[PDB]
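Visitor: Data file my_file36.pdb (PDB, C-alpha atoms (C1' of nucleotides) and all ligand atoms) is appended below.
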```
ATOM      1  CA  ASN V   1      75.318  54.710 111.531
ATOM      2  CA  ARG V   2      76.018  56.146 114.982
ATOM      3  CA  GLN V   3      77.808  59.472 115.250
ATOM      4  CA  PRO V   4      81.111  58.342 116.862
ATOM      5  CA  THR V   5      82.418  55.792 114.351
ATOM      6  CA  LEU V   6      85.342  54.286 116.231
ATOM      7  CA  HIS V   7      85.809  51.111 114.180
ATOM      8  CA  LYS V   8      84.594  49.323 111.070
ATOM      9  CA  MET V   9      81.587  47.782 112.818
ATOM     10  CA  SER V  10      79.948  51.202 113.112
ATOM     11  CA  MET V  11      78.316  51.588 109.669
ATOM     12  CA  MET V  12      76.473  48.469 108.516
ATOM     13  CA  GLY V  13      73.690  48.083 106.008
ATOM     14  CA  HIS V  14      70.153  47.250 107.023
ATOM     15  CA  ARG V  15      66.908  46.338 105.307
ATOM     16  CA  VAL V  16      64.188  48.931 105.706
ATOM     17  CA  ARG V  17      60.950  48.276 107.549
ATOM     18  CA  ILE V  18      58.369  51.000 108.095
ATOM     19  CA  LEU V  19      56.548  51.080 111.430
ATOM     20  CA  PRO V  20      53.846  53.420 112.689
ATOM     21  CA  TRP V  21      55.518  55.374 115.462
ATOM     22  CA  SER V  22      58.345  57.816 114.862
ATOM     23  CA  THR V  23      61.524  56.185 116.152
ATOM     24  CA  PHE V  24      64.361  54.263 114.561
ATOM     25  CA  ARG V  25      64.423  50.678 115.789
ATOM     26  CA  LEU V  26      67.048  47.962 115.598
ATOM     27  CA  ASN V  27      67.495  44.530 117.125
ATOM     28  CA  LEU V  28      69.176  44.618 120.510
ATOM     29  CA  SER V  29      71.984  42.254 119.528
ATOM     30  CA  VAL V  30      73.149  44.910 117.060
ATOM     31  CA  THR V  31      73.429  47.407 119.909
ATOM     32  CA  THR V  32      76.872  46.251 121.038
ATOM     33  CA  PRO V  33      78.834  47.247 117.889
ATOM     34  CA  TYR V  34      77.362  50.739 117.646
ATOM     35  CA  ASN V  35      77.687  51.097 121.433
ATOM     36  CA  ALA V  36      74.141  52.486 121.525
ATOM     37  CA  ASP V  37      72.098  52.454 124.722
ATOM     38  CA  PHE V  38      68.473  53.395 123.857
ATOM     39  CA  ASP V  39      68.655  56.216 126.418
ATOM     40  CA  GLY V  40      68.057  59.016 123.949
ATOM     41  CA  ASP V  41      70.720  58.072 121.418
ATOM     42  CA  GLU V  42      70.909  59.421 117.896
ATOM     43  CA  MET V  43      71.934  57.389 114.861
ATOM     44  CA  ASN V  44      72.295  58.744 111.342
ATOM     45  CA  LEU V  45      70.784  57.025 108.314
ATOM     46  CA  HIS V  46      72.171  57.563 104.824
ATOM     47  CA  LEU V  47      70.543  56.218 101.666
ATOM     48  CA  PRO V  48      72.418  55.424  98.431
ATOM     49  CA  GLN V  49      71.063  56.763  95.151
ATOM     50  CA  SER V  50      72.389  54.192  92.694
TER      51      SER V  50
ATOM     52  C1'  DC Z   1     146.018  84.477 114.268
ATOM     53  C1'  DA Z   2     142.248  82.980 111.534
ATOM     54  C1'  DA Z   3     138.894  79.379 109.936
ATOM     55  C1'  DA Z   4     136.570  74.673 110.036
ATOM     56  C1'  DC Z   5     132.887  72.030 112.779
ATOM     57  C1'  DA Z   6     130.773  70.451 117.039
ATOM     58  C1'  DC Z   7     128.120  71.159 121.483
ATOM     59  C1'  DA Z   8     125.415  73.576 124.970
ATOM     60  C1'  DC Z   9     122.530  77.295 125.597
ATOM     61  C1'  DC Z  10     119.260  81.008 124.491
ATOM     62  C1'  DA Z  11     115.718  82.944 121.775
ATOM     63  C1'  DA Z  12     111.978  82.599 118.373
ATOM     64  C1'  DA Z  13     107.721  80.278 116.258
ATOM     65  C1'  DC Z  14     103.771  76.215 114.630
ATOM     66  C1'  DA Z  15     100.200  73.361 115.188
ATOM     67  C1'  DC Z  16      97.149  70.426 117.833
ATOM     68  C1'  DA Z  17      93.967  69.821 121.498
ATOM     69  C1'  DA Z  18      87.216  63.420 119.653
ATOM     70  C1'  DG Z  19      82.746  62.755 116.606
ATOM     71  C1'  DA Z  20      79.357  65.573 116.496
ATOM     72  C1'  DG Z  21      73.799  66.858 117.429
ATOM     73  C1'  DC Z  22      69.997  70.578 119.121
ATOM     74  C1'  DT Z  23      68.363  75.127 121.013
ATOM     75  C1'  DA Z  24      68.565  80.138 122.600
ATOM     76  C1'  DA Z  25      69.982  85.481 122.099
ATOM     77  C1'  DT Z  26      73.302  90.671 120.928
ATOM     78  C1'  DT Z  27      75.289  93.067 117.754
ATOM     79  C1'  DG Z  28      70.531  96.590 113.272
ATOM     80  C1'  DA Z  29      77.748 103.310 113.043
ATOM     81  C1'  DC Z  30      78.822 107.859 113.238
ATOM     82  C1'  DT Z  31      80.203 114.248 112.843
ATOM     83  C1'  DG Z  32      81.426 116.773 109.322
ATOM     84  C1'  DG Z  33      81.583 119.238 104.479
ATOM     85  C1'  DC Z  34      79.272 119.742 100.646
ATOM     86  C1'  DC Z  35      75.689 119.540  96.741
ATOM     87  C1'  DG Z  36      70.950 119.141  95.655
ATOM     88  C1'  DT Z  37      65.636 119.923  97.080
ATOM     89  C1'  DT Z  38      62.879 122.210  99.183
ATOM     90  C1'  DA Z  39      60.905 125.506 103.199
ATOM     91  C1'  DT Z  40      61.340 129.905 104.740
ATOM     92  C1'  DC Z  41      62.363 135.020 104.799
ATOM     93  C1'  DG Z  42      62.309 139.068 102.001
ATOM     94  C1'  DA Z  43      61.087 142.814  97.875
ATOM     95  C1'  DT Z  44      57.894 144.364  94.603
ATOM     96  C1'  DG Z  45      54.031 144.416  93.016
ATOM     97  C1'  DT Z  46      48.672 144.633  92.006
ATOM     98  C1'  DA Z  47      43.975 143.521  94.020
ATOM     99  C1'  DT Z  48      40.847 144.736  97.710
ATOM    100  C1'  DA Z  49      39.652 147.199 102.261
ATOM    101  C1'  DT Z  50      39.543 151.475 104.569
ATOM    102  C1'  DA Z  51      40.406 156.790 105.308
ATOM    103  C1'  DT Z  52      40.669 161.644 103.499
ATOM    104  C1'  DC Z  53      39.236 164.932 100.430
ATOM    105  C1'  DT Z  54      36.207 166.714  96.501
ATOM    106  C1'  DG Z  55      31.853 166.794  93.857
ATOM    107  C1'  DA Z  56      26.622 166.411  93.336
ATOM    108  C1'  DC Z  57      22.262 166.081  95.766
ATOM    109  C1'  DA Z  58      19.387 167.005  99.916
ATOM    110  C1'  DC Z  59      17.496 169.523 103.925
ATOM    111  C1'  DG Z  60      17.963 173.740 106.351
ATOM    112  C1'  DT Z  61      19.173 178.653 107.416
ATOM    113  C1'  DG Z  62      19.780 183.142 105.586
ATOM    114  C1'  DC Z  63      20.524 187.956 103.147
ATOM    115  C1'  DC Z  64      18.355 190.385 100.014
ATOM    116  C1'  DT Z  65      14.593 192.127  96.988
ATOM    117  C1'  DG Z  66      10.172 193.144  96.302
ATOM    118  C1'  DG Z  67       5.451 192.935  98.310
ATOM    119  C1'  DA Z  68       2.209 193.653 101.789
ATOM    120  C1'  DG Z  69      -0.370 196.241 106.288
ATOM    121  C1'  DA Z  70      -2.363 200.296 109.055
ATOM    122  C1'  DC Z  71      -2.841 204.566 109.153
ATOM    123  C1'  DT Z  72      -2.800 209.215 107.371
ATOM    124  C1'  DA Z  73      -3.542 213.525 104.309
ATOM    125  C1'  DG Z  74      -6.215 215.894 101.158
ATOM    126  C1'  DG Z  75      -8.127 215.971  97.005
ATOM    127  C1'  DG Z  76     -10.022 212.990  92.947
ATOM    128  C1'  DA Z  77     -14.285 211.067  91.858
ATOM    129  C1'  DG Z  78     -19.000 211.930  92.328
ATOM    130  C1'  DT Z  79     -24.999 213.572  94.039
ATOM    131  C1'  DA Z  80     -28.423 216.831  93.342
ATOM    132  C1'  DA Z  81     -30.170 221.253  90.437
ATOM    133  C1'  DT Z  82     -29.974 224.237  86.875
ATOM    134  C1'  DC Z  83     -29.635 226.382  82.219
ATOM    135  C1'  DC Z  84     -30.590 226.432  77.512
ATOM    136  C1'  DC Z  85     -28.139 224.693  73.458
ATOM    137  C1'  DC Z  86     -29.483 221.744  70.274
ATOM    138  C1'  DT Z  87     -31.456 217.605  68.762
ATOM    139  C1'  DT Z  88     -35.429 215.008  67.195
ATOM    140  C1'  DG Z  89     -39.668 215.630  65.195
ATOM    141  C1'  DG Z  90     -43.502 217.753  62.096
ATOM    142  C1'  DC Z  91     -46.042 219.661  57.664
TER     143       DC Z  91
HETATM  144 MG    MG F 101      73.180  56.264 126.321
END
```
Rewrite the structure from the file as structure tokens, please.
Guide:
Amino acid sequence: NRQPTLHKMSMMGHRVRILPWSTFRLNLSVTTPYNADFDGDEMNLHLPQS
DNA sequence: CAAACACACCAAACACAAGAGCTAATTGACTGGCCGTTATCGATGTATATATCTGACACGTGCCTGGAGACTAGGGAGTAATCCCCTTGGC
């Protein structure tokens, strides 16, 4: 999720993949819904426990 | 005249002002009265240090008594002769 959640397409599930360096990554096509810009954005990540 | 409602106006409040995310730094109560502990000032000593006076011992000076010195007066102690009393000695 990205902090300003304007519409439904702003909190979608994803499958986890662990990569060496310390930065969230996501395919560029999925940038448009979130309205992210990879210019120092921040995007939250919640995990269900059930 | 008094009471009903309606309208325009004035006066008084309520709540909102996107989602959030990170970092920094300024504020660290205070006079006063009073009780409770404790430090200090004060008296009332008894122990020890020092000063004055009295007592015993020491060195020194002294007043007094008796002893000692030089010199004197004049007579006590004492040679040298004599008598003859009396003792020792004898048959
Ligand atoms: Mg951007």
Visitor: Mind checking which residues fall within 12 Å of residue 9 in chain V, counting only C-alpha atoms (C1' of nucleotides), ignoring those fewer than 2 positions away in the same chain, and posting them as a ChimeraX atom specification?
Guide: /V:1-2,4-7,11-13,30-35
Visitor: Point out the residue among V:22, V:45, V:36, V:29 with the least atom-to-atom distance to ligand MG 101 (chain F), counting only C-alpha atoms and all ligand atoms.
Guide: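 Going through V:22, V:45, V:36, V:29 one by one, the smallest distance to ligand MG 101 (chain F) is for V:36.
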Visitor: CA of residue 17 in chain V to CA of residue 40 in chain V: how many Å, to one decimal?
Guide: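 One can read the CA of residue 17 in chain V to CA of residue 40 in chain V distance as 20.9 Å.
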Visitor: Please compute the CA of residue 41 in chain V-atom MG of ligand MG 101 (chain F) distance, one decimal, in Å.
Guide: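 Computed distance, CA of residue 41 in chain V to atom MG of ligand MG 101 (chain F), equals 5.8 Å.
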Visitor: Taking all atoms listed in the file into account, name the residue in V:39, V:8, V:26, V:44 that is nearest to chain Z.
Guide: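 Nearest candidate to chain Z out of V:39, V:8, V:26, V:44: V:44.
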Visitor: Report as a list in words the set of chain Z residues whose atoms approach chain V to within 9 Å, with distances computed over only C-alpha atoms (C1' of nucleotides).
Guide: residues 18, 19, 20 and 21 of chain Z
Visitor: By how many Å are CA of residue 24 in chain V and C1' of residue 22 in chain Z apart?
Guide: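 Going from CA of residue 24 in chain V over to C1' of residue 22 in chain Z, I get 17.9 Å.
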Visitor: Which residue, V:20, V:25, V:10, V:38, has the smallest gap to ligand MG 101 (chain F) when you use all atoms listed in the file?
Guide: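 With all atoms listed in the file as the atom set, the closest residue is V:38.
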